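Fold and contact review
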Amino acid sequence: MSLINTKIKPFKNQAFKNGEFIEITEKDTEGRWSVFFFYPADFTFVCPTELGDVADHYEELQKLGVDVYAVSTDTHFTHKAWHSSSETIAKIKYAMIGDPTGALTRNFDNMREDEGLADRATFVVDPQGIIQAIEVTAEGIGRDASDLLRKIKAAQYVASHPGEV
Amino acid sequence: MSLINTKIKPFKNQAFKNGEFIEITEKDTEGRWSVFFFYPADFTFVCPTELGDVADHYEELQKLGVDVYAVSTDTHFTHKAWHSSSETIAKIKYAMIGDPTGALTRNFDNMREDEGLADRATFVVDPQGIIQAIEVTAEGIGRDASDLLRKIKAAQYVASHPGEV
Amino acid sequence: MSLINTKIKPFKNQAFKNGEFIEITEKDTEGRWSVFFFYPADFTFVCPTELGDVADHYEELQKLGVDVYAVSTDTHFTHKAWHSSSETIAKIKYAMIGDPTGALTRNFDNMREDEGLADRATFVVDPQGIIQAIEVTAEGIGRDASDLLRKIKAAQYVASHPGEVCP
Amino acid sequence: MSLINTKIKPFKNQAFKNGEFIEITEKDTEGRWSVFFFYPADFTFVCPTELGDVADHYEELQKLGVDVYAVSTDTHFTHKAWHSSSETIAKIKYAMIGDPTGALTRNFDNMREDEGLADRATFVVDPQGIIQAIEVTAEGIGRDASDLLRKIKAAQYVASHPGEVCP
Amino acid sequence: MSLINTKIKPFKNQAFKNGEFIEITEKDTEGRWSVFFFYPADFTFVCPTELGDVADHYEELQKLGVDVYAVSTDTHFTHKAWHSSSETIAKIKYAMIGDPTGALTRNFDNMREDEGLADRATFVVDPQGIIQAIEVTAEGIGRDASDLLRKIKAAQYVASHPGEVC
Amino acid sequence: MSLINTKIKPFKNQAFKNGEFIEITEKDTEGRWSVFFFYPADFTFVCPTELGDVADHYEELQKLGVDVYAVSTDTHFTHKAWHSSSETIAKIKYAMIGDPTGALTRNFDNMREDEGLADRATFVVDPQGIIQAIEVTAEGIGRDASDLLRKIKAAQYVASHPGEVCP
Amino acid sequence: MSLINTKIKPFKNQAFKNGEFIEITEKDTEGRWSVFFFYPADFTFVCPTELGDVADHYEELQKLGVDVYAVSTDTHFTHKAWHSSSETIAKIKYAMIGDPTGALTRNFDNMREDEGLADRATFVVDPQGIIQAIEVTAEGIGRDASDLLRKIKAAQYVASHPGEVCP
Amino acid sequence: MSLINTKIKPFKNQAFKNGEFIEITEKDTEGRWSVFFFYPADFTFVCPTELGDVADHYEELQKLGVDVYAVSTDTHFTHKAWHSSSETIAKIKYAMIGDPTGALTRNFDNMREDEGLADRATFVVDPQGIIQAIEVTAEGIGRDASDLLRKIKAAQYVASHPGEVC
Amino acid sequence: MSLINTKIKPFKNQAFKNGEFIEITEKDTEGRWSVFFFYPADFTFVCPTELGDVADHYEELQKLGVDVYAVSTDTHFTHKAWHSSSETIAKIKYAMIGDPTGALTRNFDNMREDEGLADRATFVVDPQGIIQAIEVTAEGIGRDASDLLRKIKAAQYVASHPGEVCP
Amino acid sequence: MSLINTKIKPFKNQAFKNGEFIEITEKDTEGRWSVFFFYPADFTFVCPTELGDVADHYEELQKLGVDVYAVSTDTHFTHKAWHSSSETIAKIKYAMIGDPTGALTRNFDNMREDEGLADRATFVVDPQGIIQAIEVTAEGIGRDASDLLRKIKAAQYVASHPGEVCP
């Protein structure tokens, strides 16, 4: 059974956001468009072009009323260090959630059970909590932020206008 | 458990391809890059911009050595009629698979069990049979063919060069 | 476990009738004689002589107080397209139900599980919902509408005169 | 889970035919067209027009290479007595199978479980054993043999010459 | 797991009695001694000596306040035909129950599953519904009606005079 | 499920016979007619008319090649005492089996579970081990040995002469 | 799991006592010291020295307020016969319980399952129903009534005088 | 579900015997009469009359070819301390087994689960390993060694002279 | 599933303290710092340096408001005898708990299942009942009380003043 | 179910050591003294005094023939970053294992299931693989490396002189 068009499960995770630690839950996503951006690990040799691309469009997403949540199995302590260490990660101003339990990752059925890391997946959730769009990729295959931006605009248009030609 | 990075299951489905009925199986996908394009139904009032967009890039995909498989719960008899009826569907020259049993749709966990139709999903499969990229969307939210094209080129680059910076 | 002389199971399917879509249920059948006409698929190369033959007698069936329900595993969107495409299907004035779930087909135990299509079966249901006549045929074997009419008239005769047969 | 286009299940029943008892199995039906004719009970007040109709066409069915098997839940001993009793049943020259177990009746899914009798169903089986036509009716609703004969000729035509007919 | 000294299960069966069809249930057996006489089938070549014997003793049984119920897997329509056909069955004044479902036969655990016919068994049921005597035999083995009559008289004596210690 | 026309289950019980103890098994019943005579208990106040009646016919039964086995849930030690105690039981020359475990009683489905005693049942078994006749009665209802003797002669006749049809 | 220091399970058995039958239950043991004396069978060739030894001390046990219950898997009818038969058993004035169902024997976990008889066990139960002493032996090994009497006096002493510490 | 007439389960336990530690197993009991004497605990205020009685009769038991094994849930280290401490326990010449695991106690179904101590029970085991006599009592109830001695002699007589019918 | 940072499970054990027996439960540890000190057995040849070390620091622990509980699988009766026997154990003024059930030992997951003795483990529990420090060693490896004392002072400091220390 | 004196379970984890990644298994530990040092997370604000204190004594441990294994639930990619970031972690010359699965942490029963991080535990393993010493502490309570060294030397002394303690 697919996760498309289903309500997101509850959670409690700590996160790093613009130099301050915070706690996000499913309560925070209510009445807001949410974007859960899963990625495997921090401090990897792979280019963080995907996270940096979303950082560029984050001003645009905030104007649409869309929150962004970068998720990974590393701790939020690690996210703070990787923000200060890397130049590309310094650009992001959205919440970077840590999921050492893996609970939030397993809610979206997105766990590499052998590696203990999250697969590369992007989810789009409406104010009601229902998942409207999913995108999963293998390693080395990037996901485009401008493509994501179009999918969100389409989702907001459908919620506004049911049954268009 | 996710379908990402798993081998595709076996199948036997009839299909319509450039004016001729044919039978495709998992044997045909072996040694070839395959793209399974799921969509709910034929003769709907919704614009088939997604199928028409892939038709434009089909010349380009064939040069990369990539086969395309449009899948739906309607019969292959219905696919022939919709090819002759519609102008946008007349453009496609790839196989349009019919899945009235739903077996091929349920192999990819992509069934609307209430409606008896397939969800809007796109899959990318390598010559080995392993799924490298997944994209699922709700109705009204289109998927971009140029975005898909980039994800395939990336997948072929990774298969060629393991462990790039 | 014969399916004859049993009350029809409840259902909720979308259908196409006279250029507009409608929702049909078991609530619509009660209080009226119903005829569920199953066929495997739309846009098949085999002729719809059976479907067109019922369309000719539909004026007589409506006069008798009998509704007709053409059922198939295709969508109602296809039923609209196949109505405009073919001449024989353009004669159809009754509802053409779509059953992509197969639920309505499985209620009558009439599903080809391998193919995922309905078998060629015709059922006659009284106002109470009880099935009084069944006719199932293989591919290529035609179902006569004139014989169907005779069975309907016989069923209505027995309903009007219960236990008054063969003296 | 329809019985149409499926191979018949094996059986072993006693039967009465032309003044002597015989044992009939699924092996007797092999390589030959068979017609299983079910009816509820013997010595009923209902007129056996359906049994008599097939008896008239039996000479014509034997020319087509078609065997007929009348089946009921009564014993083969009972069938012999009903042959000597009624003048309509005296016309019967085909085998009258007794099915007190109900096994043969339940193989065709044609048992009135609460009554312990078979329903009025007619089946057409090809030499391969595959069921090509089914016809079930309620009490009082007659099954005409002329339509059955037409269905058999159609079935034999499709088996002989696949790839037809109308486009 | 025996069937002796147990209350009979409820049932609904059609039967033929003196040129007329009737419906018997467990309600009809209440407040009366009953005798369920199972036999395999009608119109068989085997001698109907067993049913003919009970027909002779039926006058005696009706005096004792005992009803007789001949049960079989054949229909009640056949019982009527077999009554007019045979001269031995013409002596039958008691009810001939038809059990095509087999439910009544299955209540007494007396069914040949592979044959679909009832085994030749005899049961004696008191007014309370409790089974007091059981007799089962194989094909060709005769059941004596005079011995049955003796058992019924003994059953009625014990019910009337319980705890008489010899 | 009926026990008529079924092979007896295997057993190993201790028994008292003719002033000495012996062990009886299903091996002893092979190739011989056997009669299993169940009764509830020893030293009861009820008159043992049933056991004494069989003892009178035991001389005749041995000429027919028939063994008798009186079974009960009491010990074989108790049977020896009851043989010496009562004058009616002193007539018995056949084996008196004790079944304190109740295994042999439960093989014939003849146990009063709440009481822990056997019901009054009599079984006739042929040399093959198949049960040909069953007779069960309630307390106070006597079982006739003359009728039992008659049933055995009928059983031996049918075994020797299969399928006798009377003219 | 040990049965020592546990409340006895409920039961309802028929027993022979002093020339007449009676029904014993767990209700009868309430508010009184009880002694359950198990032995395998009646009319055995083994000398009943154990039962006769308790009969000698029964006069003394009744002064202590102690009831005795001789239990066995034989019927109470058999106990009456064995009371009249043997001279050693004629001494017994306490209740001789019969347990053909074996329920009371299995309450004390004292059944030879393969044999269908009780083992040689003796239990001492206080007014509360709690088991204070257990004594089990094999065949041929005698149980002393004098030692049993001593154990009861010790049990009554401890019940009256809890936690006695010797200086 | 009784423990009478059943072969003893195998075991491995440390024990104290005559100022020296030893390891006893089921192998040591083979070909010899054994007496497993369970008691709850060491250093208790209750009188050790039961163990003292067996110590007096131990010479008699060794003549009969009978070994004695005093078992308890305490360690064998404590048994040594309790041997030197008390004067009644100083009479003990037989082995004092320690069973802190409780395995040997659980083999005889003789454990107070909530207390974690063994119930006061006595067992008599023949050379074959079969249990011939069992005796269990509650706290404060004395076990007689002279009666135990009588049972052992009776057990040896029956083994020697089986089927002597009086 | 670590025991660190978890509330201790409830118990009820007998113990010896200053020449008299007492019952200790989880309720006695409430509102007070507790130290559960496990060791395998009494009267062992191994030198009790670890027991003696804590006895020297017990006066210092009582000032900090810390109770000490020496635990083993031996009985509380045994602990009394070992107190009078050894001169090192004579220094003990804290409670010596006996755990013959092993329940208290198994609550801390500290049982040598094959030996039936406790392992050499030391636990530190706060007034809330939460375990703040664990230390387990093998046979021969000593646990020093000076390090334990330091760990307790650190635990009391963190409880008093959260938010430390080094960045 | 104490974890002391048990053979360590097999594992396969990635690790960081001296600026390069390596794979460590139970195969690497056998034949050598090993020390598994668990800590909850990298880049925590709390000081790594415990981790730096072991780095000071690592020259002495390598001389004693002892390997050190720092374990945590973070990736080995973070261990490399935290090595370059902090001064105290730059002193680390031994392997720092990553355990994102938590498998290695769950082998030692040292997982905070709520937080998904390892508890502060230190284990000492001999060449045979048997665990000889365990030390677990809460957050804020320091683990002394000088005390750890003493336990190691004690474990090696007992291994060299088995059963030669405390005379």
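Residues numbered from 1 in each chain as written, not as in the entry; some residues may be left out. Chains lettered and ligands numbered in written order. Heavy atoms only, no water.

Per the deposited record, X-ray crystallography is how this structure was determined, to a resolution of 3.33 Å.

1. Comments concerning the overall build of chain C
Along the backbone of chain C there are six helices and nine strands. A principal-axis box enclosing the C-alpha atoms of chain C has dimensions of 50 × 30 × 30 Å. A burial count over chain C gives 57% of its 167 residues as buried. When contacts within chain C are restricted to residue pairs at least 6 apart in sequence, those whose partners lie at least 24 apart make up 72%. Of the roughly 7,100 Å² of accessible surface on chain C, a fraction of 50% belongs to carbon and sulfur atoms. Measuring between centres, the 17 positive side-chain charges of chain C sit 4 Å from its 26 negative side-chain charges. (Helix = DSSP H or I, 4+ residues; strand = E, 2+ residues; numbered from the N terminus. Buried < 20%, exposed > 50% of the residue type's maximum accessible area, 1.4 Å probe, protein only. Contact = heavy atoms within 4.5 Å. Areas by Shrake-Rupley, 256 points an atom, 1.4 Å probe, with all protein chains shown as cover. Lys, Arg positive; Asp, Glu negative; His and termini not counted. Charge placed at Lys NZ, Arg CZ, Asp CG, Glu CD.)

2. Focus on the interface of chain B and chain C
If you look at the interface, chain B gives 19 residues, while chain C gives 19 residues. Between chain B and chain C the total buried area reaches about 1,300 Å² when both faces are included, carbon and sulfur atoms providing 73% of it. Three residues stand out in chain B for area buried against chain C, namely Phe43(B), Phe45(B) and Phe77(B), and they jointly supply 34% of the buried area on that side. One can count zero salt bridges joining chain B with chain C. On inspection of chain B and its partner chain C, the count reaches zero residue pairs in polar contact. The dominant element in the side of chain B that touches chain C, judged by the number of residues it contributes, is helix α3 (residues 76-85) of chain B, at four residues. (Buried area = accessible area lost by both parts, 1.4 Å probe. Salt bridge = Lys/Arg side-chain N within 4 Å of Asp/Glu carboxyl O. Polar contact = N/O pair within 3.5 Å; in protein donor to acceptor, adjacent residues only side chain to side chain.)

3. Thoughts on the packing of helix α2 (residues 49-64) of chain J against helix α6 (residues 145-160) of chain J
Residues and elements named next belong to chain J. One can describe the packing of α2 onto α6 by two numbers: an axis separation of 10 Å at closest approach and a directional angle of 20 degrees. On the basis of their axis angle, the class for α2 and α6 is roughly parallel. Along this stretch, α2 crosses α6, giving a crossing that reads as right-handed. Packed against α2, whose contacting residues are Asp 53, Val 54, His 57, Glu 60, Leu 61 and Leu 64, the element α6 presents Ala 145, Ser 146, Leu 149, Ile 152, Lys 153 and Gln 156 at the interface. Its residues assigned to classes, the contact of α2 with α6 shows six nonpolar, three polar and three charged. (Axes fitted to C-alpha atoms, helices over the stretch in contact; angles between N-to-C directions. Parallel < 35°, antiparallel > 145°, perpendicular 65-115°, else oblique. Left-handed = near helix turned anticlockwise from the far one by under 90°. Nonpolar A, V, L, I, M, F, W, Y, C, P; charged D, E, K, R; others polar.)

4. A short note on the relation of the copies chain C and chain D
Superposing chain C onto chain D takes a rotation of 179 degrees plus a shift of 0.1 Å along the axis, which leaves an RMSD of 0.5 Å. On the angle and the small slide along the axis, the relation comes out as a two-fold axis. Distance from the rotation axis, computed per C-alpha, reaches its smallest value in chain C at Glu135(C): 2.3 Å. When the interface residues of chain C are mapped onto chain D, 94% of them again lie at the interface, so the same face is used by both copies. (Least-squares fit on C-alpha atoms.)

5. Describing the pattern of salt bridges
Going through the model one piece at a time under the given rule, you end up with 128 salt bridges over all chains. A salt bridge links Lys151(A) to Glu135(B); its shortest N-O distance comes to 2.8 Å. Of this pair, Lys151(A) sits in helix α5 (residues 145-160) while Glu135(B) sits in strand β9 (residues 131-137), which puts the two residues in different chains. The pair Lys151(A) / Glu135(B) is uniform in exposure class, with both members buried.

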